[PDB]
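Residue numbers run from 1 in the order of the sequence given. Just the heavy atoms: all of them, side chains too, but no hydrogens, waters or symmetry mates, feed the values below.
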Amino acid sequence: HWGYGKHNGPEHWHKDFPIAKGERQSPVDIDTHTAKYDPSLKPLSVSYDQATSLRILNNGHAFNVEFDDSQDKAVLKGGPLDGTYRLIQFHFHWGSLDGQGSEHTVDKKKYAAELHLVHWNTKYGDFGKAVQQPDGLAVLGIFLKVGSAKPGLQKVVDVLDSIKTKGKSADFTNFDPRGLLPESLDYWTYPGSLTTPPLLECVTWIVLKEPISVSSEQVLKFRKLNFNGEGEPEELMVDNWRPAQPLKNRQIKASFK
Ligand SMILES: [Zn+2]
(Lines give C-alpha, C1' and ligand atoms only; values in the text may rest on other atoms or scores of the structure.)
Protein backbone atom coordinates (compact mmCIF):
# COMPACT_ATOMS: atom_id res chain seq x y z
CA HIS A 1 0.00 0.00 0.00
CA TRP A 2 2.86 2.39 -0.78
CA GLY A 3 2.28 5.76 -2.35
CA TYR A 4 3.04 9.43 -1.96
CA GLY A 5 0.68 10.43 0.88
CA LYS A 6 1.54 11.42 4.50
CA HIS A 7 0.95 7.90 5.67
CA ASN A 8 2.45 5.81 2.91
CA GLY A 9 4.94 8.13 1.19
CA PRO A 10 8.73 7.85 0.58
CA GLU A 11 9.71 8.07 4.23
CA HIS A 12 7.70 4.91 4.94
CA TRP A 13 8.85 2.77 2.06
CA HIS A 14 11.77 1.24 3.91
CA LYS A 15 9.42 -0.79 6.13
CA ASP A 16 8.31 -2.92 3.20
CA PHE A 17 11.37 -2.36 0.98
CA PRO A 18 14.47 -2.20 3.18
CA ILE A 19 16.64 -1.55 0.10
CA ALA A 20 15.20 2.00 0.37
CA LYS A 21 18.17 2.63 2.71
CA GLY A 22 20.65 0.93 0.39
CA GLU A 23 23.97 1.93 -1.07
CA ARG A 24 22.81 2.96 -4.53
CA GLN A 25 19.40 4.56 -4.23
CA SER A 26 17.86 7.07 -6.62
CA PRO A 27 17.17 9.87 -7.24
CA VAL A 28 20.10 12.00 -6.13
CA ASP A 29 21.12 15.65 -6.20
CA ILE A 30 23.54 16.28 -9.06
CA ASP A 31 26.19 18.66 -7.72
CA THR A 32 27.40 20.02 -11.06
CA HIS A 33 30.65 21.32 -9.72
CA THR A 34 31.67 17.97 -8.25
CA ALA A 35 30.53 15.71 -11.12
CA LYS A 36 33.55 14.54 -13.01
CA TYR A 37 33.95 14.89 -16.73
CA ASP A 38 34.81 11.46 -18.13
CA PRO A 39 36.33 11.84 -21.65
CA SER A 40 36.14 8.10 -22.22
CA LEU A 41 32.29 8.27 -22.05
CA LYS A 42 30.80 7.55 -25.51
CA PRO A 43 28.00 9.68 -27.07
CA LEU A 44 24.64 8.22 -26.35
CA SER A 45 22.94 6.35 -29.18
CA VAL A 46 19.21 6.80 -28.98
CA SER A 47 17.55 4.74 -31.78
CA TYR A 48 13.81 5.33 -31.64
CA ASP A 49 12.93 5.41 -35.37
CA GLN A 50 11.18 2.00 -35.26
CA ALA A 51 9.45 2.48 -31.90
CA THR A 52 6.05 0.85 -31.52
CA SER A 53 3.96 2.43 -28.79
CA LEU A 54 1.00 0.24 -27.69
CA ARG A 55 -0.92 1.61 -24.79
CA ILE A 56 -1.15 4.18 -22.01
CA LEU A 57 -1.99 3.03 -18.48
CA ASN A 58 -2.83 4.81 -15.20
CA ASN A 59 -1.17 2.48 -12.66
CA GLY A 60 -2.17 4.45 -9.59
CA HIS A 61 1.22 6.19 -9.16
CA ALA A 62 1.89 7.61 -12.66
CA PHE A 63 0.85 6.89 -16.22
CA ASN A 64 3.00 4.63 -18.37
CA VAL A 65 3.23 4.76 -22.18
CA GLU A 66 4.19 1.20 -23.07
CA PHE A 67 6.10 -0.09 -26.09
CA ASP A 68 6.60 -3.35 -27.94
CA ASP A 69 9.87 -4.59 -26.48
CA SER A 70 9.72 -8.06 -28.09
CA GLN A 71 12.27 -6.95 -30.73
CA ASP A 72 15.01 -4.31 -30.96
CA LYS A 73 12.71 -1.50 -32.15
CA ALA A 74 13.54 1.42 -29.86
CA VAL A 75 16.92 1.04 -28.19
CA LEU A 76 19.48 2.90 -26.18
CA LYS A 77 23.21 2.13 -26.50
CA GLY A 78 26.51 3.85 -26.04
CA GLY A 79 27.28 6.37 -23.36
CA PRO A 80 28.25 4.42 -20.22
CA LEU A 81 26.36 1.34 -21.44
CA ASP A 82 27.66 -1.99 -22.62
CA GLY A 83 25.18 -3.75 -24.85
CA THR A 84 21.70 -2.91 -26.02
CA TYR A 85 18.84 -1.69 -23.89
CA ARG A 86 15.24 -1.89 -25.20
CA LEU A 87 12.61 0.76 -24.43
CA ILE A 88 9.74 -0.75 -22.46
CA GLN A 89 7.84 2.30 -21.18
CA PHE A 90 8.11 5.94 -20.27
CA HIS A 91 6.39 7.86 -17.49
CA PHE A 92 6.68 11.15 -15.63
CA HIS A 93 6.93 12.42 -12.07
CA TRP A 94 5.46 15.85 -11.40
CA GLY A 95 4.45 18.36 -8.76
CA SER A 96 1.42 20.14 -7.43
CA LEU A 97 3.26 23.45 -8.22
CA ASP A 98 5.75 24.39 -10.91
CA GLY A 99 8.58 24.66 -8.38
CA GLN A 100 8.68 20.95 -7.57
CA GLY A 101 8.08 17.62 -9.24
CA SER A 102 11.43 16.33 -10.45
CA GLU A 103 13.17 13.47 -8.67
CA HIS A 104 16.73 14.33 -9.58
CA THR A 105 17.81 17.83 -8.69
CA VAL A 106 20.62 19.92 -10.14
CA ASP A 107 22.54 21.93 -7.55
CA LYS A 108 19.41 21.43 -5.41
CA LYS A 109 17.18 22.98 -8.10
CA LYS A 110 13.87 21.12 -8.64
CA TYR A 111 12.13 21.07 -12.02
CA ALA A 112 8.38 20.91 -12.62
CA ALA A 113 8.51 17.32 -13.74
CA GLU A 114 10.86 14.56 -14.91
CA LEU A 115 10.46 12.09 -17.75
CA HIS A 116 11.84 8.58 -17.34
CA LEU A 117 12.39 6.46 -20.46
CA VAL A 118 12.92 2.97 -19.12
CA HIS A 119 15.06 0.45 -20.99
CA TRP A 120 16.26 -3.08 -20.17
CA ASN A 121 19.41 -4.94 -21.08
CA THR A 122 18.62 -7.49 -23.81
CA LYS A 123 21.22 -9.93 -22.46
CA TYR A 124 18.72 -10.72 -19.67
CA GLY A 125 15.86 -11.67 -22.00
CA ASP A 126 13.01 -9.88 -20.24
CA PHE A 127 12.34 -6.92 -17.96
CA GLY A 128 11.60 -9.06 -14.91
CA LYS A 129 14.97 -10.75 -15.12
CA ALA A 130 16.74 -7.47 -15.88
CA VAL A 131 15.57 -5.74 -12.71
CA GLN A 132 17.40 -8.44 -10.71
CA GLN A 133 20.78 -7.46 -12.21
CA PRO A 134 23.09 -4.58 -11.32
CA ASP A 135 23.29 -3.56 -14.99
CA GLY A 136 19.75 -4.57 -15.88
CA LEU A 137 18.16 -1.20 -16.72
CA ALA A 138 19.13 2.08 -18.30
CA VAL A 139 16.82 5.00 -17.51
CA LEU A 140 17.05 8.20 -19.54
CA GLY A 141 15.92 11.09 -17.30
CA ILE A 142 14.80 14.36 -18.84
CA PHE A 143 13.77 17.42 -16.85
CA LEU A 144 10.65 19.41 -17.68
CA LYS A 145 10.37 23.16 -17.12
CA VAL A 146 7.26 25.21 -17.63
CA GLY A 147 7.45 27.68 -20.51
CA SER A 148 6.52 27.08 -24.16
CA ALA A 149 4.38 24.09 -25.10
CA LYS A 150 5.96 20.88 -26.24
CA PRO A 151 4.11 19.82 -29.41
CA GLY A 152 5.50 16.31 -29.13
CA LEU A 153 3.81 15.92 -25.76
CA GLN A 154 0.35 16.97 -26.79
CA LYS A 155 -0.83 13.56 -27.98
CA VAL A 156 -0.12 12.26 -24.43
CA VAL A 157 -1.91 15.20 -22.80
CA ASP A 158 -4.98 14.67 -24.94
CA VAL A 159 -5.53 11.02 -24.02
CA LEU A 160 -5.26 11.64 -20.23
CA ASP A 161 -9.01 12.22 -20.02
CA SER A 162 -9.48 8.58 -20.94
CA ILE A 163 -7.22 7.22 -18.17
CA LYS A 164 -8.20 9.43 -15.29
CA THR A 165 -8.26 6.77 -12.65
CA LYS A 166 -6.22 3.82 -11.51
CA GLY A 167 -6.36 0.77 -13.74
CA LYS A 168 -7.66 2.55 -16.80
CA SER A 169 -5.83 1.98 -20.08
CA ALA A 170 -6.20 3.23 -23.61
CA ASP A 171 -4.81 2.27 -26.96
CA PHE A 172 -1.81 4.53 -27.74
CA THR A 173 -0.30 3.56 -31.03
CA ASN A 174 2.04 5.46 -33.35
CA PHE A 175 3.50 7.75 -30.67
CA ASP A 176 7.01 8.89 -31.48
CA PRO A 177 9.14 9.32 -28.34
CA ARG A 178 11.75 11.32 -30.30
CA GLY A 179 9.39 14.25 -29.85
CA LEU A 180 10.26 14.35 -26.16
CA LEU A 181 14.05 14.63 -26.51
CA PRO A 182 15.95 17.94 -26.09
CA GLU A 183 18.38 19.13 -28.75
CA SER A 184 21.48 18.09 -26.75
CA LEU A 185 22.23 14.62 -25.49
CA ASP A 186 24.89 15.84 -23.00
CA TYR A 187 24.32 13.90 -19.77
CA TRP A 188 25.31 12.93 -16.28
CA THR A 189 25.48 9.27 -15.33
CA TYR A 190 25.66 7.26 -12.09
CA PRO A 191 24.61 3.83 -10.80
CA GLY A 192 21.31 3.83 -8.96
CA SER A 193 17.90 2.34 -8.50
CA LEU A 194 14.25 2.33 -9.43
CA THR A 195 12.68 5.36 -7.73
CA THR A 196 9.49 3.47 -6.86
CA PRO A 197 9.10 0.24 -4.95
CA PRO A 198 10.67 -2.30 -5.25
CA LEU A 199 13.55 0.23 -5.41
CA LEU A 200 15.83 -2.33 -6.96
CA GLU A 201 19.44 -1.31 -7.52
CA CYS A 202 19.51 -2.22 -11.18
CA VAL A 203 19.65 1.14 -13.01
CA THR A 204 22.34 2.96 -14.90
CA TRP A 205 20.94 6.48 -14.75
CA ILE A 206 21.53 8.80 -17.70
CA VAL A 207 20.21 12.29 -16.84
CA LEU A 208 20.17 14.82 -19.66
CA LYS A 209 21.57 18.29 -18.93
CA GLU A 210 19.13 20.12 -21.13
CA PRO A 211 15.48 20.28 -19.96
CA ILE A 212 12.47 20.29 -22.28
CA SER A 213 9.83 22.98 -21.86
CA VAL A 214 6.13 22.22 -21.57
CA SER A 215 3.25 24.68 -21.17
CA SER A 216 1.33 25.53 -18.03
CA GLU A 217 -1.75 23.99 -19.69
CA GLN A 218 0.10 20.70 -20.42
CA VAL A 219 1.33 20.23 -16.81
CA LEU A 220 -2.07 21.20 -15.48
CA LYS A 221 -3.50 18.22 -17.31
CA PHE A 222 -1.10 15.90 -15.58
CA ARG A 223 -2.39 17.27 -12.27
CA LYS A 224 -6.01 16.36 -13.10
CA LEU A 225 -5.24 12.66 -13.09
CA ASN A 226 -6.27 10.59 -10.04
CA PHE A 227 -4.27 8.23 -7.86
CA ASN A 228 -7.51 6.36 -7.00
CA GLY A 229 -9.76 4.02 -8.90
CA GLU A 230 -13.12 5.05 -10.39
CA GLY A 231 -15.74 5.34 -7.68
CA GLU A 232 -13.11 5.70 -4.92
CA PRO A 233 -12.52 9.03 -3.16
CA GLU A 234 -10.77 11.46 -5.59
CA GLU A 235 -7.14 12.19 -4.79
CA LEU A 236 -5.30 14.21 -7.45
CA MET A 237 -2.21 12.53 -8.84
CA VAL A 238 0.39 15.18 -7.90
CA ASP A 239 3.70 15.11 -6.13
CA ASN A 240 4.48 11.59 -7.26
CA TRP A 241 8.20 12.11 -6.79
CA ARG A 242 10.74 10.58 -4.43
CA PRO A 243 13.19 13.13 -2.94
CA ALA A 244 16.98 13.00 -3.38
CA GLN A 245 18.74 10.16 -1.55
CA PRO A 246 22.26 10.08 -0.19
CA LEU A 247 24.96 9.68 -2.80
CA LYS A 248 27.02 7.40 -0.51
CA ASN A 249 30.01 5.84 -2.27
CA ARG A 250 29.20 7.09 -5.76
CA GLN A 251 30.69 9.55 -8.21
CA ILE A 252 28.51 11.21 -10.83
CA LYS A 253 30.20 11.41 -14.22
CA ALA A 254 29.52 14.02 -16.92
CA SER A 255 29.76 13.52 -20.67
CA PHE A 256 30.56 17.21 -21.13
CA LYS A 257 32.87 19.88 -19.79
ZN1 LIG B 1 10.30 7.15 -12.77
#### Entry: Where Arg24 and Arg250 come nearest, the two heavy atoms and their spacing
C-NH1, 3.2 Å
### Message
Please report the interatomic distance SG(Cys202) to CD(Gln133), rounded to the nearest 0.5 Å.
### Response
9.0 Å
### Task
Consider only side-chain heavy atoms of I, L, V, M, F, W and Y, link residues closer than 4.5 Å, and tell whether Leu225 and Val65 are in one cluster.
yes
#### Entry: Polar side-chain atom of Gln25 near backbone of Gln245 as donor-acceptor pair, under 3.5 Å
no
### Message
Looking at every non-hydrogen atom in both residues, tell me the closest pair between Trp13 and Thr196 and how far apart they are.
### Response
CZ3-CA, 4.2 Å
### Summary
For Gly229 and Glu232 the tightest heavy-atom approach is N-OE1, 2.9 Å
### Message
Is there a continuous path of hydrophobic side-chain contacts, each under 4.5 Å between heavy atoms, that joins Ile142 to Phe67?
### Response
yes
### Message
Within this structure, what is the CG-CG distance for the pair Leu208 and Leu181, rounded to the nearest 0.5 Å?
### Response
7.5 Å
### Approximate separation, where rounding is to 0.5 Å, of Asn8 CG and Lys15 NZ
9.5 Å
### Summary
Residues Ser70 and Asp68: closest non-hydrogen pair is OG-OD1, 2.7 Å
#### Entry: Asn121 CG to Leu81 CG distance, which is reported to the nearest 0.5 Å
8.0 Å
### Query
According to the interplanar angle, ranging from 0 to 90°, do the rings of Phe222 and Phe63 count as parallel (below 30°), tilted (30 to 60°) or perpendicular (above 60°)?
perpendicular
### Query
Backbone N or O of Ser47 within a donor-acceptor pair of the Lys77 side chain at under 3.5 Å?
no
### Message
Applying side chain to side chain contact (heavy atoms under 4.5 Å, CB included) to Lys221 and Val156, what does each step give before you reach the verdict?
### Response
CA-CA 10 Å; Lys221 322 271 241 226; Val156 172; over 6 Å; no
Could you list the donor-acceptor pairs under 3.5 angstrom formed by side chains in residues 163-174, with sequence neighbours left out?
{"from": "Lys166", "atom 1": "NZ", "to": "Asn59", "atom 2": "O", "distance (Å)": "3.1"}
{"from": "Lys168", "atom 1": "NZ", "to": "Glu230", "atom 2": "OE1", "distance (Å)": "3.2"}

#### Entry: Contacts of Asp82 that satisfy salt bridge (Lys or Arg N to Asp or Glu O under 4.0 Å) - sequence neighbours left out
none
### Query
What residues form a salt bridge (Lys or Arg N to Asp or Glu O under 4.0 Å) with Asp16, not counting sequence neighbours?
none
### Query
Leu117 and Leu54: same hydrophobic cluster, using ILVMFWY side-chain contacts below 4.5 Å?
no
### Task
Verify whether one side chain among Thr195 and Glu103 offers a donor that lies under 3.5 Å from an acceptor in the other.
yes
### Message
Run the salt bridge (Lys or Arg N to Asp or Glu O under 4.0 Å) test against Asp176 and tell me which residues pass, sequence neighbours left out.
### Response
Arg178
## Note on the structure
Apart from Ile88 itself, members of its ILVMFWY cluster (side-chain separation under 4.5 Å) are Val28, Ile30, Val106, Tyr111, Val118, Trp120, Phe127, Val131, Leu137, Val139, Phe143, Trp188, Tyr190, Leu194, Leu200, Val203, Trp205, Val207, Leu247, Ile252, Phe256
### Query
Is it true that a side-chain atom of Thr189 and a backbone atom of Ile206 form a donor plus acceptor pair closer than 3.5 Å?
no
### Query
Closest approach of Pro177 and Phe90, non-hydrogen atoms and distance?
CB-CE2, 4.5 Å
### Message
Taking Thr105's backbone N and O only, do any of them form a donor-acceptor pair with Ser102's side chain (distance below 3.5 Å, no angle check)?
### Response
no
### Query
Can you name the residues that form a side chain to side chain donor-acceptor pair (under 3.5 Å) with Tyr4, not counting sequence neighbours?
none
### Task
Please round to the nearest 0.5 Å and tell me the distance separating atom OG of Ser96 and atom CZ of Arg223.
7.0 Å
### Approximate separation, where rounding is to 0.5 Å, of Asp69 CG and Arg86 CZ
6.5 Å
